[PDB]
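Shown next, in structure tokens, is the structure this report addresses.
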Amino acid sequence: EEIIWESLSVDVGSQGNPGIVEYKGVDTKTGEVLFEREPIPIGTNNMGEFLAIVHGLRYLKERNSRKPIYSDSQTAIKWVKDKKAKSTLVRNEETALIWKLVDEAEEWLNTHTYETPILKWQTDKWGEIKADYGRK
RNA sequence: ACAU
DNA sequence: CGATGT
Ligand SMILES: [K+]
Ligand SMILES: [K+]
Ligand SMILES: [K+]
Ligand SMILES: [Mn+2]
Ligand SMILES: [Mn+2]
Ligand SMILES: [Mn+2]
Ligand SMILES: [Mn+2]
């Protein structure tokens, strides 16, 4: 209904899908970039959206912040809730890095706690999430 | 269909 | 146009 401006917004960016994946987190209120992940040579949109949320959880927990996280990814929100990233990406040598990061993110979820609300950014009403890469 |  | 996902 109403945007919660006191929040962290996250998003993936890619060159190809599957392709080069990165992500970033921004202050929803100001657009200030709070974190950015070095590009990963091969991954999927959904793996990156998932890594972005989990990194957000870790970032806010480390800083003792109760802000919610916005994501535009129905898929990634569900994967975080399930603590399981149900990606179809083949596991092979060239996908090893993204899969290691995904496996490590799931492992973190399974060994830590958080109350952070993970909210759907309503693109149809509000436009692109503030962490968007501007590539579409 | 909806979400990327 | 095509890919990733529920
Ligand atoms: K979008
Ligand atoms: K984009
Ligand atoms: K589809
Ligand atoms: Mn997105
Ligand atoms: Mn796993
Ligand atoms: Mn985007
Ligand atoms: Mn388009």
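Chain identifiers are assigned alphabetically (A, B, ...) following the order of the sequence lines, protein sequences preceding nucleic acid strands; residue numbering begins at 1 within each chain.
Summarising the geometry of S73(A) relative to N46(A), their closest heavy-atom pair is OG-OD1, 4.0 Å, with the distance given to 0.1 Å. Shortest non-hydrogen contact noted between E128(A) and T123(A) is OE2-CG2, 4.0 Å. Nearest approach of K130(A) to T28(A), heavy atoms of both residues: CG-O, 3.9 Å. Across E106(A) and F50(A), no two heavy atoms sit closer than the pair CG-CZ, 3.8 Å.
Using a 4.0 Å cutoff to heavy atoms of chain A, the contacted part of DNA chain C runs 5' to 3' from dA3(C) to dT6(C).
Inter-residue side-chain proximity for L57(A) and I118(A) is flagged as met; some heavy-atom pair is nearer than 4.5 Å. You'll find the side chain of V26(A) stays beyond 4.5 Å of the side chain of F35(A), heavy atoms only.
Look at CH2 on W121(A): it is 21 Å from P on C2(B), rounded to the nearest Å. If you take CZ of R135(A) and P of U4(B), they are 17 Å apart, rounded to a whole angstrom. Taking atom CG of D11(A) as the reference point, atom P of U4(B) lies 9 Å away to the nearest angstrom.
By the 30° and 60° cut-offs, the orientation of the rings of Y59(A) relative to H55(A) is tilted.
Of the side-chain N and O atoms in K120(A), one or more sit less than 4.0 angstrom from OP1 or OP2 of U4(B).
Classification of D132(A) and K136(A) as a salt-bridged pair holds, one side-chain N sitting under 4.0 Å from a carboxylate O.
For RNA chain B, the residues of residues 43-55 of chain A within the heavy-atom distance limit of 4.0 Å (strictly under) are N45(A), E49(A), sorted by number.
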